[PDB]
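Following full-length UniProt numbering, the numbering of the sequence shown begins with 40 at its first residue and continues without gaps. All residues carry an ideal CB built from backbone N, CA and C; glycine is no exception. What follows is a set of notes on a single structure, which appears directly below.
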Amino acid sequence: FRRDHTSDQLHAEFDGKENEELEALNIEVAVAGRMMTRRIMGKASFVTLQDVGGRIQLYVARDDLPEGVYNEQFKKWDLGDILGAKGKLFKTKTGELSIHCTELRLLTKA
């Protein structure tokens, strides 16, 4: 659980599997850091987050647990501080590596 978190092991694993499966094992990753892109349409949006500057994309969604401290919240992140977060790893094109932004511990760095 670290930063657009760990997965050396699932790319080795996740990569191939069926949904059910993808899940069965599922890791909800993210963490910290910061970024710059939003992909809004009012509610549940898609964002692109990283750290130092080499991002991955997330899926800020208010579909099941219809949270906020969202994409906007994301819009809001600054510095001094930083994010702590988790989204699920899920199907971008096949069923791997994109984040599905759901629970964030987004404030501090420190």
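Which residues bound the alpha helix (DSSP H) around residue 201? Limits of the chain in this structure are 40 at one end and 149 at the other, which puts residue 201 out of reach.
Could you pull out every residue in the same chain whose Cβ sits closer than 8 Å to the Cβ of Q112, ignoring the five residues on either side in sequence? If you number the sequence shown from 1, residue 112 lands on position 73. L143, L145, listed in sequence order.
Report buried or exposed for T141, applying the criterion of at least 16 other Cβ atoms within 10 angstroms of its Cβ. Against the sequence shown, residue 141 aligns to sequence position 102. Buried: at least 16 other Cβ atoms inside 10 Å.
Given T87, which residues of its chain have a CB within under 8 Å of its CB, disregarding the five upstream and five downstream residues? Your numbering for residue 87 matches position 48 in the sequence shown. Taken in chain order, the residues that qualify are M74, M75, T76, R78, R94, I95, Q96, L97.
How close, in whole Å, do the beta carbons of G72 and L104 come, if the pair is a contact with beta carbons under 8 Å? On the sequence shown, position 33 is the one that residue 72 refers to. On the sequence shown, position 65 is the one that residue 104 refers to. Rounded, the Cβ-Cβ distance is 22 Å, inconsistent with contact.
For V91 and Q48, I'd like the C-alpha separation in whole angstroms. Your numbering for residue 91 matches position 52 in the sequence shown. Your numbering for residue 48 matches position 9 in the sequence shown. So the alpha carbons of these two residues sit roughly 23 Å apart.
Between which two residues does the beta strand (DSSP E) harbouring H139 extend? What you label residue 139 is simply residue 100 of the sequence shown in a count that begins at 1. Its beta strand (DSSP E) spans residues 137-143.
Using DSSP with H/G/I as helix, E/B as strand and the rest coil, what is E62? Working through the sequence shown from its first residue, we reach residue 62 at position 23. Three-state result, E62: helix.
Drop a sphere of 10 angstroms on the beta-carbon of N110, count the other beta-carbons inside from all chains shown, and report buried for 16 or more, exposed for fewer. Taking the sequence shown and counting its residues from 1, the one referred to as residue 110 is at position 71. With 16 or more other Cβ atoms within 10 Å, it is buried.
Using the beta-carbon count (16 or more within 10 Å), is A149 buried or exposed? In the sequence shown, the residue the question calls residue 149 occupies position 110. It is exposed - the Cβ of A149 has fewer than 16 other Cβ atoms within 10 Å.
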